[PDB]
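Q: Just so you know, the sequences run in chain order A and B.
Quick note, full-length UniProt numbering runs 57 ahead of the 1-based positions in the first sequence.
Quick note, full-length UniProt numbering runs 50 ahead of the 1-based positions in the second sequence.
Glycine included, C-beta positions come from ideal geometry on N, C-alpha and C.
Sharing a structure below in structure tokens format, with a few things to ask.
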Amino acid sequence: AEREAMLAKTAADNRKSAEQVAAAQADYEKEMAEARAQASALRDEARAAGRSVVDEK
Amino acid sequence: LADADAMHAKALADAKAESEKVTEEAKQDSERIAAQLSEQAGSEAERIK
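Shown next, in the form of structure tokens:
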């Protein structure tokens, strides 16, 4: 029983290692995209505020 | 599995560091854009004068 449990858990742990690395780069890409989008929003809002200021002036 | 968990932690740390760095760079870019836009607005105003 212990040997069978060892084999099953080893297979599950190989699958879990693969899934965990996969989720690793998935979350890395997701947060990088989030940061880039936030930077783009910063730039866009700054540009819009400057446009409004110059138009009013 | 242990190495994968350690790499997950290390990649997450580097990811948050990169996110903070790019956020700071974007803040600097926005500051520069706002400054140059204000300067251009002043130039336009004096040209109208």
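Considering only their Cβ atoms, is the gap separating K114 of chain A from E81 of chain B smaller than 9 Å?
A: Against a cut-off of 9 Å, the Cβ pair of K114 of chain A and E81 of chain B comes out as no contact.
Q: Among B:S88, B:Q90, B:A56 and B:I98, which one has its Cα closest to the Cα of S74 of chain A?
A: Comparing Cα positions, the closest option is B:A56.
Q: Find the nearest neighbour of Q82 of chain A within the set B:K99, B:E75 and B:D64, judged by alpha-carbon distance.
A: Cα-wise, what sits closest to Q82 of chain A is B:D64.
Q: Helix, strand or coil: which one does DSSP assign to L51 of chain B?
A: Reduced to three states, the DSSP call for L51 of chain B is coil.
Q: Along the chain, where does the alpha helix (DSSP H) containing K87 of chain A start, and where does it finish?
A: From DSSP, the alpha helix (DSSP H) with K87 of chain A extends over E59 to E113.
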